[PDB]
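The chain that follows stands alone, in the form solved without this ligand, written as structure tokens.
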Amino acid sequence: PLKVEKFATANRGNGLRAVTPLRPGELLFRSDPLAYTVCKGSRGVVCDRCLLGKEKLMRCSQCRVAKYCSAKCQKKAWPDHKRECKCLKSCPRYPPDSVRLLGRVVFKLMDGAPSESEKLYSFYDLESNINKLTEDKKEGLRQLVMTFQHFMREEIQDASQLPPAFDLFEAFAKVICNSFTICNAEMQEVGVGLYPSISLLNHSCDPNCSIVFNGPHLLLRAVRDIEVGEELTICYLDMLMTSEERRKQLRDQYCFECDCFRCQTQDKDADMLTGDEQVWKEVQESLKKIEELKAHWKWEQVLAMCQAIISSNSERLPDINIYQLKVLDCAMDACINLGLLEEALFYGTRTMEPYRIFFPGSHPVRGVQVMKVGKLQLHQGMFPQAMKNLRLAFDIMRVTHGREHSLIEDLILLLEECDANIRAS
């Protein structure tokens, strides 16, 4: 039986609420996507199907755009790739991610059996916020509609090839406020998908639930105690954002004004912005390029830019400043991927206290970060320190990831290895 149910909220549209009392870590729902694709930066880096990285991927011979880790993935992906394949081949132009995503929505709705992803709420039901769109946003959606019509012309010529009364403008409006960014085990963004049942969850800047991805598969878990009838919330946004930054994104993407306690009080903003404003404004600007490079897996270039900040001859920022913290995290991940494990541990350890502050309670991003640090410590022989961090990662990740997520198995192996080392000491 389901532990969650759809309901009509008083002022947030539809939402999801608890049917039974829920405890931290309880699995509330799990879902494959209605439709999903690899994101722009990870195309050709991770498998189109399973979203895992590999040194060499094999390409679809027909379109040479879709790429896969294995014959198994390429073959299993064929039914959901077959129609877009003809469109991608007809396109050296590659569509925006949202256009490729909507193509897969249309093909799934036209050719696929009813999707379990739509059990609680369907693509047809999703919020569009059309009456809140500003004119500039409408113009952007009109351009996406025309982009879709161009890209899909080989497979979709008339309304007979779309679901009944399907409106492409409305569909793109739904995609804007209902797309989920799929993250790999290391918390790198790798894809985008629609999960219409999960789209019932409203946003909170201090939520009681959390989602995590295991490949394209989404797990929804409680991260606080939740009472019968209490609304379930997730945080739509990166935690390393000020209330002004959250306000802008919640308006621009989601068309709402957040009334939560954190927004009313600018909770943590001042700490997030400590240090000299001229310095952090420059770092924030540099992070556009750093994050672009990271999205494309260009670790050597990421690291060079990060070192120029972290070890600048010029003025520096405290590690609790969120822009400095993002630079440290990018540098850590670059060092891990480049095998510079001593340097990775230096940056990673510096992030630990800021992460404790900015990811309160049980948050999967902190769990993964702590696990990465513990793993670095374990393989450099720091057994007691590694064990403390691996146990802390497990305390978080038992709640945020759970036994159904494969990363928990990897963590259990690290704990057993570290424990065996301490026992032989």
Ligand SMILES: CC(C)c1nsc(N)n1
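Counting begins at 1, following the sequence as shown.
Student: Zero if continuous, otherwise a range: how many residues of the deposited sequence are missing coordinates between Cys91 and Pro92 (none, 1 to 3, 4 to 9, 10 or more)?
Tutor: Unmodelled stretch: 1 to 3 residues, a short break.
Student: In the PDB record, does 63-71 or 28-36 carry the higher mean Cα temperature factor?
Tutor: Comparing averages over the C-alpha atoms only gives 63-71.
Student: Read off the CA B-factors in the entry, average them over 355-363 and over 50-58, and name the higher stretch.
Tutor: 50-58 has the higher mean C-alpha B-factor.
Student: Highest Cα B-factor in the PDB entry belongs to which of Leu218, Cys87, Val99, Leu250?
Tutor: When the deposited C-alpha B-factors of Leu218, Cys87, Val99, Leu250 are compared, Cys87 is largest.
Student: According to the deposited entry, which of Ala171, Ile336, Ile322, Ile182 has the largest Cα B-factor?
Tutor: Checking the PDB record, the top C-alpha B-factor among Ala171, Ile336, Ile322, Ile182 is at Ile336.
Student: Should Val373 be placed in the lowest, middle or highest third of its chain by the C-alpha B factor in the entry?
Tutor: Middle third.
Student: Which third of the chain does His150 land in by C-alpha B-factor: lowest, middle or highest?
Tutor: Answer is middle: the recorded C-alpha B-factor places it there.
Student: Using the temperature factors of the C-alpha atoms in this entry, rank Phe123 within its chain: lowest, middle or highest third.
Tutor: Its C-alpha B-factor belongs to the lowest third of this chain's values.
Student: Ranked by Cα temperature factor within the chain, is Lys289 in the lowest third, the middle third or the highest third?
Tutor: Highest third, going by the recorded CA B-factors of the chain.
Student: When the deposited Cα B-factors of this chain's modelled residues are ordered and cut into thirds, is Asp267 in the lowest, the middle or the highest one?
Tutor: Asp267: CA B-factor falls in the lowest third of its chain.
A second form of this protein, the form solved in complex with this ligand, is not displayed here; the remarks below concern that form.
Student: So this ligand isn't shown here. In the deposited complex, which residue out of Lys298, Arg247, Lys82, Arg316 has a non-hydrogen atom within 4.5 Å of it?
Tutor: Filtering the options by heavy-atom distance leaves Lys82.
Student: Under a 4.5 angstroms heavy atom criterion, identify the one residue in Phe172, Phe123, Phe107, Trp280 near this ligand in the deposited complex.
Tutor: After the contact test, the surviving option is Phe107.
Student: Within 4.5 angstroms, counting heavy atoms, which one of the listed stretches 307-315, 269-277, 110-118, 152-160 is next to this ligand in the deposited complex?
Tutor: That would be 110-118.
Student: Taking this ligand in the deposited complex, which residues of 193-218 have any heavy atom within 4.5 Å of it?
Tutor: Contacting residues: none.
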